[PDB]
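S.K.: Structure incoming, see below.
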DNA sequence: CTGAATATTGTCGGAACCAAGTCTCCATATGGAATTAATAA
Ligand SMILES: Nc1ncnc2c1ncn2[C@@H]1O[C@H](CSCC[C@H](N)C(=O)O)[C@@H](O)[C@H]1O
Ligand SMILES: [Ca+2]
């Protein structure tokens with residue numbers, strides 16, 4: 002670790018004589034400028050707002066804010082008072098709500114390292130409330146200047162005055178009033194104020210433009226299968242809502258081969274009767290599967306030494322392996338070569354939540370390193386003449402592969418719901434001719450490729466802002 | 001103003017000698033001039049003055065003490081701190097020699113408990129001052145209050161011989177020494193503690209009140225639990241053992257026979273704690289012979305109430321002191337609030353216990369939903385109406401008896417109170433109803449014969465017994481031994497022991513069957529891993545007693561308990577319904593039972609103890625003829641399957657592989673191979689492949705047809721490795737064929753939320769999908785509610801009138817005063833002016849609320865009932881407004897049983913499901 | 217430490233604290249048995265079984281309990297004969313003899329003495345207490361035991377040897 | 486209490502107890518060389534021992550387990566005994582624990598502080614902890630602390646009145662009273678001079694600012710007015726400290742005696 | 001009659017945390033893969 006040495010005196014600093022390792026790591030002897038909280042920002046005391054009980058207002062927790070300072074408020078009304086959001090209304094009535102004064106820079110107290118600093122810009126509308134866990138810190142040297150000086154830089158020191166204290170990492174306003182902000186940062190940043198705000202505004206306008214057309218990685222897979230099989234999107238999520246499935250004794254045996262009479266099995270059978278009313282392409286998967294393996298999941302150490310191992314997090318809704326291993330093992334099995342992925346395989350996911358079970362992926366990346374897949378995967382070697390593995394993975398990640406594996410997979414612990422070879426072999430998927438396939442794929446491929454192309458531009462301008470701030474504050 | 005104040009005033013007006021009088025109408029008190037008074041007592045300042053007046057009257061009249069010797073409100077200025085405190089004593093009774101004999105301090109009945117700590121400054125110091133400044137002898141220090149008993153009031157007091165304990169420290173070292181309880185006439189009282197020696201003029205207590213019980217629970221939790229060592233459950237089990245000993249000192253105690261559960265304060269010193277320990281362990285050892293009916297005499301020994309190391313003896317002495325004077329059994333005459341000791345031990349469980357993973361109970365909403373889904377109310381009503389009896393519920397695996405306490409509540413409340421209109425008199429049924437429950441003093445006496453829950457844990461067994469007893473029942477028919485044992489192993493002590501008989505059953509492995517229990521409700525453990533020697537002892541009464549899946553045995557056990565048509569409601573895991581390793585136990589349920597309802601409960605029900613998925617299964621039991629019909633169908637279709645498998649494997653041998661015919665495999669198979677007939681072959685293959693056959697393969701020829709369906713043929717031809725109980729016939733083929741002939745609907749449903757969301761911080765309401773509460777009661781005492789509102793508005797009006805008189809007096813004072821005091825006077829006038837305007841606004845608001853109350857009661861309830869237009873409680877306004885305002889106080893927390901509208905799981909499972 | 221749980225718990229059954237103070241007494245009796253027996257003698261801490269099937273559990277109780285009362289007279293130094301005569305290894309009402317049989321049969325082969333130098337750095341009873349006892353009970357009492365590496369670091373950083 | 490420990494063997498070293506003049510006439514066994522333990526963080530004490538700790542411990546009012554046991558260490562150790570314990574991070578960082586922090590600072594001689602990872606105790610509680618490695622001071626080393634504690638506390642008490650009278654006069658207009666002090670009224674009449682500046686810099690020795698050395702008198706009274714009431718509020722439980730505000734006093738106390746102690750952090754325990 | 005009481009309310013501090021979200025590593029039968037003695041032949 003570190004062999005830091007300090008001298009009693011030091012712990013004299015700050016009105017709590019504290020001597021935890023982090024604070025004393027942040028102290029250091031200083032020779033340069035000091036400043037204080039005086040010639041900069043100013044803490045604002047909290048207050049109870051006058052909520053109007055006639056219109057839908059907004060509210061914002063700490064989880065509703067992101068590391069990029071983008072609040073995602075929820076809309077409450079005081080005419081609903083539903084027991085699902087009753088906690089929010091109760092904490093509002095308690096007095097855990099305030100309203101920023103259009104120019105302050107709210108800072109989260111709990112765990113301040115996750116950049117929850119947000120800006121309430123001057124020229125704006127649709128006033129949003131906030132939790133007392135946020136610190137109104139309204140500045141005197143222009144909000145944007147202090148916001149950008151706090152987000153990227155002045156972060157190794159706001160995070161070094163947190164109270165660990167047998168639990169939550171937490172920031173306190175009193176400690177926040179003690180940081181030793183250098184002047185060269187603010188001096189240089191205000192010196193270039195007239196153009197820094199301009200080009201940063203241009204960059205964030207481009208980011209907003211990219212975000213305006215950004216689409217989720219699952220809806221794309223959800224729409225093409227919905228727009229190609231001519232199934233309306235507003236009934237299979239409305240038929241899945243009603244829960245009064247009624248079956249007879251005779252229907253239990255039909256295609257069961259294990260006599261399973263759970264409720265979810267019967268609802269799966271009901272939904273299958275709806276997803277295939279007009280589609281005439283369904284063929285049993287059992288006759289298109291040639292083998293099935295599981296994998297090898299030894300004990301693993303995170304960021305250790307040995308052969309890397311994949312996890313369930315590496316399977317995404319696009320049928321492409323993430324191939325970004327984290328765990329690494331050092332055990333042997335005398336047959337390790339049987340589980341070293343290799344390009345071209347199809348990996349369905351066995352073991353996950355009731356909604357993330359069955360997600361398949363094709364290893365489309367060329368890797369010269371041997372990477373083991375766990376017992377939580379199932380490798381499918383299908384005939385590459387009728388199924389087109391990528392299409393099968395996309396189908397498994399589609400609502401076809403969700404409304405089935407959500408209701409057929411087994412286990413008493415529905416937090417680690419697992420599938421088995423029986424459900425794979427007894428799966429009546431719709432397989433259209435090879436002409437129809439490679440059209441759903443390809444369309445989905447280009448749409449997701451475009452969505453990924455505008456996913457690094459966002460984290461290119463969001464990095465350009467940071468590097469520009471760093472360069473200007475260092476010149 | 002309590003009722004005992006009225007009784008005291010009536011007794012004072014009834015006294016021949018007018019030595020003490022009170023007036024509640026004027027709030028005044030008067031005493032005879034014979035008593036030397038150091039202060040003018042002419043107003044009733046509170047309950048203390050009334051109690052003091054009654055005490056003085058009792059001393060003069062009943063206790064025969066000279067009023068001249070009595071002294072009231074004598075000043076006893078002492079040196080307290082930097083200044084001189086001026087305390088005053090209430091009552092001083094002096095002997096013929098002038099020395100104070102009784103040093104009585106008067107306190108309110110509620111003040112009699114939390115003000116004991118002030119006794120050090122109220123009794124001992126003042127007595128020391130009396131002895132010092134007057135050279136007199138103080139004999140007895142009395143901390144006294146009134147105690148209502150029948151149409152009379154007696155003295156509930158702690159009396160301390162001041163000579164024995166001149167200091168408060170000596171009093172506290174002996175554990176709150178009390179030489180006497182009730183005042184004795186003619187300078188009496190013994191040195192030894194007056195023993196209870198019940199079954200006479202004196203007893204433990206029969207008129208216990210809610211406030212006393214709440215304070216007892218508070219102080220018991222404060223003292224016993226503490227924070228030092230042991231645990232939070234060990235203390236609970238020790239307290240349960242002590243309560244069991246207390247009940248033992250009510251079952252085996254005849255007339256006279258001084259109670260063994262008390263301090264036995266001989267002389268002036270508390271009897272040695274070891275004597276108390278020994279004479280309580282004797283009670284507890286005698287308790288494990290009729291209460292928990294333990295037969296092994298060596299197990300009776302080497303077993304104690306407390307560890308003596310986890311539970312110090314002083315805590316046991318304090319527990320005895322607190323609980324000695326409270327008759328748990330048979331004492332519930334607080335029936336103005338009905339049963340009062342059940343919620344006491346419910347609060348004991350809730351406040352002190354540490355339910356964790358493996359100790360948690362079954363949530364009450366699920367238990368109530370199960371009991372209602374069985375239609376147990378209608379079952380009990382019809383069981384009592386036709387042939388006078390009740391259902392005879394059993395709950396194996398009943399750790400805390402939640403399925404049995406709730407069953408008691410559900411049967412009593414809905415056979416006497418709610419649905420009593422569905423019980424036909426017909427003379428005999430009235431007599432049986434009177435016998436089962438009616439005196440209102442023992443409403444659960446019927447549950448001494450119809451509740452046969454079991455439990456394997458000794459501690460939880462005793463806790464369930466105490467639960468059962470404190471609710472007005474006897475726990476004789478609850479067994480603290482294993483629930484999976486030969487039926488002869490369950491002996492109670494009494495004659496009716498339904499869970500003892502056994503008999504072989506031809507249709508069930510020639511094994512024991514107790515076909516006597518009406519319904520079975522249970523929550524079996526999710527993972528039973530039996531001992532290597534307990535496993536071997538159970539492979540003689542269960543068909544699948546060797547599958548290493550012991551938790552399924554309970555399901556099989558449920559077949560040995562029901563009575564050919566017995567309702568069965570179980571909280572099973574979803575492995576039973578989903579995983580393949582349990583297929584056998586799914587066939588069993590489909591063979592003997594008549595599966596009728598399946599409900600999928602969320603993964604939040606048993607949180608934060610486990611996120612294990614659960615499903616409620618509601619299955620009946622087939623009669624003796626349905627099982628044999630199933631057996632006949634199974635045998636016939638299995639014979640068909642065997643013939644088809646022989647024909648199909650002969651076909652497969654001839655084709656693909658290729659045989660030059662053979663030695664006449666069978667007459668049928670070798671009659672067309674030479675003749676080339678294919679229709680018979682086609683139909684035979686279709687029958688043997690009744691499931692894996694498509695419509696496009698009809699035209700396909702045999703040679704490749706036997707190749708297309710080749711794995712299926714090699715699989716559907718396999719028999720069951722184990723559970724030959726079926727007879728080598730393939731389960732799937734024969735099961736489908738049987739289900740095709742006999743078929744019944746199976747109601748299935750899902751629950752999104754169960755009302756509650758418990759977590760490691762507390763509970764939290766959620767939208768219940770299982771059931772809806774009544775909110776608006778079917779019956780409401782309208783005159784009681786109107787009188788309560790009239791009383792509160794009259795009290796506020798009296799306060800307004802008093803403050804208006806004060807305002808008039810202050811105005812009169814202001815009219816003839818000068819500025820120097822007029823400043824303060826006008827300050828008072830403005831204070832009272834805004835105070836009275838606020839009171840007027842409050843009165844107007846309460847009047848509006850009252851008017852809305854008459855409006856709603858006349859619109860809905862009418863003559864202290866609820867009109868049938870809203871018996872379904874479908875109207876949002878009524879239930880919403882009852883869940884609001886002052887009507888929230890009365891309310892109603894009862895599961896609504898709708899009959900016409902169905903938007904709930906329970907409301908439709910009680911209508912679509914039909915029980916045979 | 218893992219399989220001696222859900223067999224002793226037994227799907228509910230014996231409480232987690234009952235398991236703990238029964239196993240500690242069982243291990244005390246085992247240590248006594250290893251301390252008394254001399255070369256050539258058969259151990260009392262074992263179950264005599266005729267291949268399959270075991271002897272009467274009552275005779276196993278009156279061979280391990282006697283070891284326990286003989287254990288807290290020579291090493292625990294308890295001298296009050298009344299306490300010795302009133303104490304027992306386990307409570308049969310809260311710990312069936314079958315679980316005692318399973319515990320002994322699981323611990324028959326292990327040699328706690330002279331085996332303590334092989335599992336160096338493994339506090340047996342502490343780890344058993346942490347595993348068996350639930351987290352709620354440990355939280356309201358601070359029953360969180362400091363691991364062997366950390367305590368070793370503490371005692372070696374104080375220069376306690378010096 | 487040390488008299489509650491009984492043992493019928495070789496002299497029970499955990500039974501002696503004599504009052505200590507430096508600890509406030511309270512029992513000190515004080516026979517052992519090392520104490521190693523992990524305190525029961527945040528556990529409610531028994532009522533019987535809850536009654537007996539108020540009159541036996543220097544901080545008996547603060548009903549907190551981890552700290553009403555950092556004293557037990559002081560009682561057990563000798564004049565030079567060694568200590569090492571796994572304390573919580575709350576002792577080292579939480580501000581609601583300024584008392585104990587100073588106890589440890591006065592009686593014990595901190596010599597090494599290592600911060601264990603949060604992966605310690607992971608399957609059970611996973612709370613951040615640290616190690617203290619303290620040693621008790623000798624008797625002739627605690628008399629030094631006190632004599633300093635007061636030498637720098639009397640100055641703080643005088644400065645409290647002097648600067649709070651400067652505040653009352655220079656801002657919030659108030660005429661001279663002539664009973665304030667024989668030096669504040671003797672110097673206000675002449676001018677700010679150096680006496681006002683010296684006495685206002687000494688009181689504000691911590692916050693201060695170098696660039697504030699040259700500016701008008703009515704500037705260094707309003708910017709610091711929010712914290713003039715912070716270093717002039719003194720410290721609760723005066724019985725153990727002495728009616729001072731601590732931080733200031735402490736500040737110099739330490740500055741006159743310096744310990745070059747060792748600190749470290751582990752990220753992987755092993 | 002000045003008082004700074006105590007006596008509450010209502011609100012900062014702080015938690016051997018722990019509610020949400022979602023990834024796992026390991027026992028254990030099985031079943032098949034090896035025999036076997038069978039099994040006709
Ligand atoms: N034969 C047996 N085997 C294992 N546990 C049994 C058992 N018989 C009864 N039990 C006990 O029954 C309990 C079931 S958990 C259900 C608790 C209780 N029925 C309620 O509704 O609140 C377990 O704690 C277990 O200890
Ligand atoms: Ca365990």
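Protein chains in written order, with the entry's author numbering: chain P, 2 to 476; chain G, 1 to 916; chain F, 217 to 378; chain U, 486 to 755.
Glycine is no exception: its CB is placed at the ideal position from the N, C-alpha and C atoms.
#1: Helix, strand or coil for residue 782 of chain G, going by three-state DSSP, please let me know.
#2: Less than 7 Å separating the Cβ of residue 687 of chain G from some heavy atom of ligand 2?
#3: What residues of chain F sit near residue 597 of chain U, judged by a beta carbon separation below 8 Å?
#4: What are the boundary residues of the beta strand (DSSP E) that residue 286 of chain G is part of?
#5: Alpha carbons only, please: which of P:227, P:213 and P:106 is nearest the one belonging to residue 395 of chain P?
#6: Do you know offhand how far residue 494 of chain G's Cα is from residue 409 of chain P's?
#7: Output, in sequence order along the chain, the residues in the stretch 224-240 of chain G whose CB is closer than 9 Å to any CB in chain U.
#8: Report yes if the C-beta of residue 398 of chain G is less than 7 Å from at least one heavy atom of ligand 1; otherwise report no.
#9: To which residues does DSSP link residue 597 of chain U through a beta bridge?
#10: DSSP on residue 560 of chain G, reduced to helix/strand/coil?
#11: When every heavy atom of ligand 1 is checked, does at least one fall within less than 7 Å of the C-beta of residue 523 of chain G?
#12: Measuring CB atoms only, is the stretch 55-73 of chain G touching the stretch 86-98 of chain G, in the sense that at least three cross pairs come out at less than 8 Å?
#13: Quick check on residue 736 of chain U - is its C-beta less than 8 Å from some C-beta in chain P?
#14: State yes or no: is the C-beta of residue 1003 of chain G within less than 8 Å of the C-beta of residue 556 of chain G?
#15: Taking buried to mean at least 16 other C-beta atoms within 10 Å of its own C-beta, is residue 284 of chain F buried or exposed?
#16: Exposed or buried, what is residue 417 of chain G when buried is set at 16 or more other beta-carbons lying within 10 Å of its beta-carbon?
#17: In this structure, what does DSSP give as the bridge partners for residue 105 of chain G?
#18: With hydrogens ignored, establish whether the beta-carbon of residue 332 of chain F is closer than 7 Å to any heavy atom of ligand 2.
M.R.: On the basis of the coordinates in this document:
#1: In the structure shown, residue 782 of chain G sits in a helix (DSSP, three-state: H, G or I).
#2: For residue 687 of chain G, the shortest separation between its Cβ and any heavy atom of ligand 2 does not lie below 7 Å.
#3: 373
#4: That residue, residue 286 of chain G, is in no beta strand (DSSP E); its alpha helix (DSSP H) goes 273-287.
#5: Measuring from the Cα of residue 395 of chain P, the nearest candidate turns out to be P:227.
#6: 51 Å
#7: 226, 227, 228 and 229
#8: In this structure, residue 398 of chain G has its beta carbon less than 7 Å from a heavy atom of ligand 1.
#9: U:747
#10: helix
#11: yes
#12: With a cut-off of 8 Å, the stretch 86-98 of chain G and the stretch 55-73 of chain G count as touching, because enough Cβ pairs lie within range.
#13: yes
#14: Residue 1003 of chain G is absent from the structure shown; chain G starts at 1 and stops at 916.
#15: Its Cβ being crowded by 16 or more others within 10 Å, residue 284 of chain F is buried.
#16: exposed
#17: G:143
#18: no
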